[PDB]
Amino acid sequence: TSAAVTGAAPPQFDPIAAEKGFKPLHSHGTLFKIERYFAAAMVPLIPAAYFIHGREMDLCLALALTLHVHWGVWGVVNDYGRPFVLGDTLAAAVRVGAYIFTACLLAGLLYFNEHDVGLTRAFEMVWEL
């Protein structure tokens, strides 16, 4: 019977009420541009590192691969490090881990260049097999 309760409006997005104090200016535009421009600039740098080896290419690969992969994994991490599925703090801990990944990647590459054969050399040596 109609002895029941007063109800509220269904949940609905008011796109004008959202405009009442939506200042934030945070263009990810330029960053998206460099990420792509940097990858475009790495197109020649792959065949280059095939034909010309050494300790200076080893350094250019390491600087370039580090900075590229840094952006790369940050993106993958944001697709699979979702607060919905992992909860808030663990998703921030996965985010932080992205930076650990970048910084450890470089450390381990510089080490391999300096105190071992180097990237371009290590490739030859598996190719010689």
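Start at 1 and count along the sequence shown; that's the residue number.
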(request) Could you check which stretch, 22-30 or 56-64, carries the larger mean CA temperature factor in the entry? (result) 22-30
(request) Would you mind checking where the Cα B-factor of residue 80 ranks among the modelled residues of its chain, as the lowest, middle or highest third? (result) middle
(message) Please say which third, lowest, middle or highest, residue 119 falls into when its CA temperature factor is compared across its chain.
(response) highest
(message) What third of the chain does residue 91 rank in for C-alpha temperature factor, lowest, middle or highest?
(response) middle
(message) Please place residue 16 in the lowest, middle or highest third of its chain according to the CA B-factor in the PDB entry.
(response) highest
(request) Sort the modelled residues of this chain by their C-alpha B factor and say whether residue 100 lands in the lowest, middle or highest third. (result) lowest
